[PDB]
């Protein structure tokens, strides 16, 4: 389209924490990472603007021009809400109507075609669903992604109930993206990310028994935390390669990771938003993950 581009059937759209002072133009990240698709994070409720804002305090429209520039090279974005810390719009909104109004304001400001709801806190799934029914009715071309905590012994946790609710309510679920990270009792590696994927596959088959295996895998995305995780375990470059090859083989819908600005080497084991605590060269993980898209036609 004139102001929106197509996202590949099998895509890699890593997370960019838009609030960081080190933030580079999206077109520059495209050149450095090799991918021209990104998940912009995170939109939260701002008391100052009494509405959506980045990190709950930065002007919503701040990155409109950056997105325009990215689209000029064929890139596209997914706008993410939520994250590890609130206040979420869905928590602050008093009614589903108000919540929908806020989501639609974000969609319209960025001519968004894909939204990601990163839910890591307790929320009113019924209110969220009612809001999304309004959103999909008013903006029928916008896809919905749900990024949720996961564990290799169970797949999705409380997030499973959120998807169950969406399905029952009739809310579109284009992508279910478990965060294959921070399990604490077992390491964040490829083996465990794959176990999570298999468990989530089973969970989605229970919600959508009429879907084929291929349709279920297409709904699934996986998002690891590169390098050192919050629990001190490390998702290595080897883990990245193993997961990418598994993802290609199973033809899943997408991959992403936390985060673009962390794809730099740094002091061993140090947790930071600016590097990953490993010694791999700048953009090393980005280049491995891009291989997932390249297997399915992508070239940049």
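Positions refer to the first chain, counted from 1.
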inquiry  = Quick check on the record: does 138-146 or 94-102 carry the larger mean Cα temperature factor?
reply    = 94-102
note = Of 222-230 vs 164-172, the stretch with the larger average CA B-factor in the entry is 164-172
inquiry  = Just the C-alpha B-factor column, please: which of 80, 179, 157, 112 has the biggest number?
reply    = 157
query = Highest CA temperature factor in the entry: which of 22, 13, 290, 16?
reply = 22
Ranked against its chain, the third holding the CA B-factor of residue 273 = middle
ask   = In terms of the chain's CA B-factor thirds, is residue 265 lowest, middle or highest?
value = lowest
task = Classify residue 217 as lowest, middle or highest third according to the C-alpha B-factor given in the PDB entry, relative to its own chain.
result = middle
note = Quick tally, chain-level thirds of C-alpha B-factors: residue 36 sits in the lowest
remark   = Quick tally, chain-level thirds of C-alpha B-factors: residue 254 sits in the lowest
